[PDB]
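Protein chains in written order, with the working numbering: chain A, 53 to 301; chain B, 53 to 301; chain C, 53 to 301; chain D, 53 to 301; chain E, 53 to 301; chain F, 53 to 301; chain G, 53 to 301.
Data block below; observations after.
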Amino acid sequence: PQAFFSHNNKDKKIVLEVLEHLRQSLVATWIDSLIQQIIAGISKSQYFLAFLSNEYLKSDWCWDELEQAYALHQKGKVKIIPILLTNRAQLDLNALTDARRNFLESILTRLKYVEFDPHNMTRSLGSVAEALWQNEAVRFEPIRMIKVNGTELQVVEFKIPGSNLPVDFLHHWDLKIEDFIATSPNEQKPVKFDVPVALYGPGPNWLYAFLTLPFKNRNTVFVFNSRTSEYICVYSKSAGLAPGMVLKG
Amino acid sequence: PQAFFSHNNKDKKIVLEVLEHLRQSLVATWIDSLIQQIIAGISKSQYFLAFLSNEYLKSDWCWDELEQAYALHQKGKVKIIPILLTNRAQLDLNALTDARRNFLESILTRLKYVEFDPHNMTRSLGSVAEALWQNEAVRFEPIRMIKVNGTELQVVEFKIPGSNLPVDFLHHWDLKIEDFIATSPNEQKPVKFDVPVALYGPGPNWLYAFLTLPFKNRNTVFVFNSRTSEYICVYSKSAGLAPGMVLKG
Amino acid sequence: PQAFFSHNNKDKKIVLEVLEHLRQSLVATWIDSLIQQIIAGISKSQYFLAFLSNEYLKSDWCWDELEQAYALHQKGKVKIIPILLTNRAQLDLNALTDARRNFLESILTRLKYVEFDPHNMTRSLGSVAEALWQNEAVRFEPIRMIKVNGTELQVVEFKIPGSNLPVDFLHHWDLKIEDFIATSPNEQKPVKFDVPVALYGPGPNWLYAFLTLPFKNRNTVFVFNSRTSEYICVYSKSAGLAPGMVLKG
Amino acid sequence: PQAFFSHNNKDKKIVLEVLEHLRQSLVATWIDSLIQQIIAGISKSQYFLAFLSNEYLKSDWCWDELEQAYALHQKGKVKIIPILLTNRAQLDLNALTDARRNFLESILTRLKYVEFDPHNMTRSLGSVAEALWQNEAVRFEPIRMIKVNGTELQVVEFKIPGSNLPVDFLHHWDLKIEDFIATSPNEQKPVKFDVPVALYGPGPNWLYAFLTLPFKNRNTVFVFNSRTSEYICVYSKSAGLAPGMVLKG
Amino acid sequence: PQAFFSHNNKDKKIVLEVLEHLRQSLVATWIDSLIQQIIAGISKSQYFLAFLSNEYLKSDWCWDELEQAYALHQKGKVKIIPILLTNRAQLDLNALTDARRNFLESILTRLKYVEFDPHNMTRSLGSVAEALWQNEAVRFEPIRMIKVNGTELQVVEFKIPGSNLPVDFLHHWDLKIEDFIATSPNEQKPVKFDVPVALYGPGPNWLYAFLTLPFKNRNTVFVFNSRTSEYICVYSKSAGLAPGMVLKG
Amino acid sequence: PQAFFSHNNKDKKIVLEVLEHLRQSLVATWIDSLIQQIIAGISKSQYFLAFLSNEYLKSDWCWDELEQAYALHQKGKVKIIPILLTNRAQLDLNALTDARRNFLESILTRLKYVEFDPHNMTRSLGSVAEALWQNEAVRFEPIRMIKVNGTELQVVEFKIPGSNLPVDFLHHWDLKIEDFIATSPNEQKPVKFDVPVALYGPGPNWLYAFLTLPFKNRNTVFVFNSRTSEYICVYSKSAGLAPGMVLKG
Amino acid sequence: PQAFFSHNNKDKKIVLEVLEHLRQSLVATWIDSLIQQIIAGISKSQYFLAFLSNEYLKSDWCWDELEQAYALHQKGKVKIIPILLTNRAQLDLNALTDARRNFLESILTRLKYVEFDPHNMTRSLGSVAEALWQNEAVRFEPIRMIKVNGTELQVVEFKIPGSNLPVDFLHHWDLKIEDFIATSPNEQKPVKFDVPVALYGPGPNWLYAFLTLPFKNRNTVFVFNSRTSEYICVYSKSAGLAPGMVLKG
RNA sequence: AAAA
RNA sequence: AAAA
RNA sequence: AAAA
RNA sequence: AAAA
RNA sequence: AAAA
RNA sequence: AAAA
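The structure is reproduced here in structure tokens:
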């Protein structure tokens, strides 16, 4: 899923660290316009993250972007998830005009907001991620660089809410995993270059095949079988990883 | 699994379509010595196909490989199954010498043979394949090309004997699939060039992932889900189809 | 893709160091008219680099060049990328006339701008290059001169956004790699004279063949194979470089 | 791979059309001594084609050439493939002395020979080529002069036994292609003069680059991409052809 | 009826054997322009025979000649019957351009074609003959030589489609018979020189008189009467025969 | 390419050194009328150099020469390259008459000019040469007297913009190398008398053969091969310079 | 390369026509002592042509000449290639003494000979030429006079063995061209007087320059470029043509 | 080809 | 096919 | 997660 | 990046 | 720049 | 300037 970030340069320190966590969760992100990038792809285009702040409300350039984003959001094209860097009590709603104050209160009440505090990074990163996948189909977890039996792996774990998906789910799923694979060790991507990957979590066989297939000539692939709770090697690109090796995970 | 064919030139006509049927079942066939390539690969080398015939045993060139193949069959390196072109009743065991007759009788009784007759090709071909797959892992029925919902498609049907597989089975398997995909339409191969291929049959997630993965950049891949019983598209290498469409049965 | 540079002589110090970085990215640069050079080649003509600055906006000759460039930009022949030498806040908008101020603000709001700061060289150059390639097909990284296994090399890294290209992409691609090869050691060009050139980045076979073909009798060519992740020599022009060694990277 | 032809003048008519077909398979042929030409090049020197016939073994001069060829074949530097112009049944074994008969019988059994019959040209020529390529790296089908979408070109299709090649394969290879390109229309060579050349078959990126590179300033180059199963033009050395046009295969 | 044969020299062997069979059916044939020879005779001009083949469509001379044949075929001057040397599926339609392929497909569907197979000569030749006579008046089976009661004789078998013919049909007929009578024994013609001819088949009185009359001073004439089913001699040019003898069937 | 120099006698000091530098670049220079000499040779006559200066505009003889030169420049016979001795801001257009000032301003604006500064001579000379070659085919660099391995050479280096020339380029190229060879050591010519020359830069073989050919019995000719990046001797007129010696340059 | 002809007067008719063919192939031939002419020039001296015949070996003067030729052939100064006017089968070995017979058999076996026949001149001349060039550098096909586009012209076709030549190859070459240019129309020489000469065949730049240069003031020179495949005129010594005209193939 |  |  |  |  |  |  794509994600457009609206923010001021003052909170630039914290947006990417939030964005990086989202990036590690196989979520497409776009920073730099955004209004015309909304009308692109499928109706499941992106979820707007309005990083509300005292400074952000003081910028007219940043304000009108929220107006156009919300105006077309009523059409159902996009959904907005506003993030409060400061708690609900201390927004400067007095400084803003009556039209702006009414506009902010309408979207703050009828639409759910996510509170953010820099002190507790762990829960805050979970809350934004939870709201991101709350209205979406099968979710993903941030990839974990773990070592099992002396072998380095990056496990890709996904969770299916309700344990049921539409049979034609892949038709409307805009998740192309090739864009998340690093082409070089120094390149920043969710999936490390040449590092073997592992698939985790319950799911139908067609979902596993769909994720496994684009990894040919890119990464060694492991899969998880709950019959023996062990990892199974199905692709051999790295040296020494024969197809069929078992890792007691 | 590899297969080496022992036969005479007179019975050649019977060999090829037997080999052709075996090739369609994803069985590697080597028709044209034979002894030295038996010592190659893994302990699961091949099955010696001795096309026993009334004339086959009348050639001194044809007798020895049966001896050497049997000689190393005692070592367990290979297993031999005899193809009886004619019935056991009218085999001319009188023609052979005493040593040859007893040797032929020793291998015919202690080792199971399979009867073959030109008249009923469908049963005879099935018995030969059964004699091939009886002591093997997950089976492989011949590739059948079917048009479902107006979409042409070929099915790779696999069935597991028993109910479970060793967790490390893929390590010792010798069914690398790259050698069964045609590169040009005119060239013959078990898998047609550019024709979408569907995987059908119950099995573990890793076995499906192992099969579909080498098909990237080669063929459109379909997969069967038993929850609703249609075919699911995972790879789109052909125009007019996308990953996620369904072919109702 | 070629690039046209419209700037004032005071910003000459920053323009060339910007220009050379673009040149190292396999981008054709034309510094020194420009209005008539716009109408040349393919519809993907060039990106107008308007280095807006406080000194830039007080030159009437510089203003009329921008006016015609934007006038044709409405026709879609050439798009403009305005790069700000100074940040928008300190731009001297009061000095200019009403029509010019409205004109400058019109292109500053509807069309995306990129900011430049002398302090942050690395991020400033990357932002300008990113603005160049965002609307472009397969992009190019700046050429890096590295030594692998004691052998001098230069790597031409290219990344394809979306991992998909039109079948007839080479038809409309205005990149002639011959013009970027130095004919003498002292000549300044993206590709060093007689230095081996390595090709890096995933891509189709035709893209690889098209890129390394013009290098015959000019440079020895290396290519990257991700199956074992190390460069392969395919052309031999220098002494001691047989075609076929592997350089572990 | 080099090829030396040992034959008698009576069987000459058969040799040329065998040599011509082998030449079309990008095989270096040397008809007219031979023993000293064996000591040349790499350990993969050549294959000795002994065109055995009833007339051939009556010549003392032809016999010593076979003697020295087999004597140094024991070192493994060259391997011999004996082509039987006549079937083994009516080979005049009584004519030769005891030493010659024992020698000829020794090399016919332990070494694989091929049968040649004047009636079945298509099967005989393929079998001889099959023995040539059976112990070899990537194959080379004879150049096919085809016409697609109104344009005429010669295709060069190659098959890779197995699926993978050694990383340093090109170092030991001896298939310098520039010797197979005709310089004049009347010149008879595997590659026609100025005729477009197409490469077909799945393989690594470096293999394709190594093949198209010597074709600069010689012929236009086409490559086959399996994503859309179409030929792609990379080089345009002739009018009416542009680099990047696509032919529907 | 006249007929022109359009073919290339590669298929010349099959055209002549088709040619002579049509000649025995009393069909005027012209092998070797053809376009201006179309405008000759009566509105029932002739039938065009386009010997389509994979090699036939690769000649521009054949194509342009075919186009003019179809161009004035629309005017109704001539009707074309395309005889396929190879089966329709094996037609190399990819080689032709868009215009040529569309033109060939237009005439293959809207206009009935005839399929030829060299394996089944007798049925293939009849289909060409059947396509020839399907839109024609009274038919003409090939001349057969039958020795009846020890007397050699040739039969000109004719049958009338339907049951009746126009009263003035003879006015527009193009089957003058003096051009099919051999003048010397060595010279080849549908009617043998000096051999008695016989007319067989139901028909009107004038049809028998019209055919019999040109045979005066040329050959002995026999007429078949269905009242008692023998042959009646009406003209005696050979010794030993008189007008009035009967040949019992 | 030819050229006439229009200047006042006060600028004679700087004109000759500019003329000498252009002469070193294989440019035919004519200093001392100029109007009637314009109509001579081919359509690519020359580029007119107007050495504009404050004193130059004060001469009626110089002014009327410029008028006729520009008047016939409109027909396209020759194009004018205006070289400004002083900067544009310092030109004295006030004392100049109205009609001439409009004439001067029309030329300066619609046609590109080159600035001249005696301080930065290296950039000044190159800028004039750049505009001199800017609208021309393959350009020529100033001759460099280089000693390589103790051997004196005068390298003639040429650059081809776009690496492609019309096949009949030599037909309309007005460059005769004979006139640039010094007949005596004291003669002032671009090519030194009896000093060996070298050809540098990529180009077609016929271009090389065209250049070295008129040097027979005049100078020893060296050529540069990029296969080993070494100079090759092809002519031996000087003592001790055999044809074939290699100079590692 | 130089050539010496050792022959008997009875075979003079066949010898001078062999010399004529060799002369046409740019081979300098001296027919009429020879032993002292062996020691002249470079180590690549000349190839001895011993026209062996039944009459030739019956002359003591011819026999002693061959012995000295073979005496210094062991020293490597000159290599001998023998022409068999008659076949080896019916050579009269019984005439020679034991020493002569053994000596002749010594050179017939360890040294490759060329069989010549009166009937098939075309192959016989080619075989003699092939032996001359087999151990040589860049070949030289016989000069052919071909008219292109109404212009008379002669072609000097040369081909390089393998693909590359030593960088200093020109130093040791003994193929000065001025000795093969006719000075008068009646005089016989490989290169006709005043007829334009064309150079054809792939090769390095210096090779073309070395061949082209000595033709100044002698003949018009055409150069073949493979980019577009025509001949390019570089020197104009004949009226009616200029440097730059093209001769379309 | 016996008025073609 | 005995005025088809 | 052994056709979810 | 082993026909993307 | 080894038929640009 | 070695048939300019």
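Where is the CB? At the ideal position from N, CA and C, for every residue including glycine.
Distance CB(residue i)-CB(residue j) smaller than 9 Å
i	j	result
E117/G	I87/G	yes
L265/A	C285/A	no
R162/E	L109/E	no
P237/F	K228/F	no
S77/B	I195/B	yes
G253/C	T235/A	yes
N257/B	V275/A	yes
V247/G	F267/G	no
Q54/B	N106/B	no
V166/B	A261/A	no
residue 305/E	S111/E	Any answer about residue 305/E is impossible in this case: the structure gives chain E only from 53 up to 301.
Contact belief for residue i with residue j at Cβ below 8 Å, rounded distance in angstroms
i	j	result
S97/F	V130/F	5 Å
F168/A	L136/A	6 Å
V200/F	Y283/F	7 Å
Residue i to residue j span [Cα, whole Å]
i	j	result
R140/D	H171/D	16 Å
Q186/G	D226/G	17 Å
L74/A	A181/A	7 Å
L145/C	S95/C	33 Å
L156/B	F103/D	38 Å
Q126/E	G296/B	49 Å
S278/B	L251/B	12 Å
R270/B	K289/B	7 Å
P134/E	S176/G	51 Å
N- and C-terminal bounds of the beta strand (DSSP E) containing residue i
i	result
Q54/D	54 to 58
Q206/C	203 to 211
Boundaries (first-last residue) of the alpha helix (DSSP H) holding residue i
i	result
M197/F	It is not in any alpha helix (DSSP H) - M197/F instead sits in the beta strand (DSSP E) that spans 196 to 200.
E157/F	150 to 162
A183/C	173 to 185
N257/G	257 to 264
Every unbroken alpha helix (DSSP H) within the stretch 59 to 110 of chain F, with a cutoff of 4 residues, ordered by chain: 64 to 76
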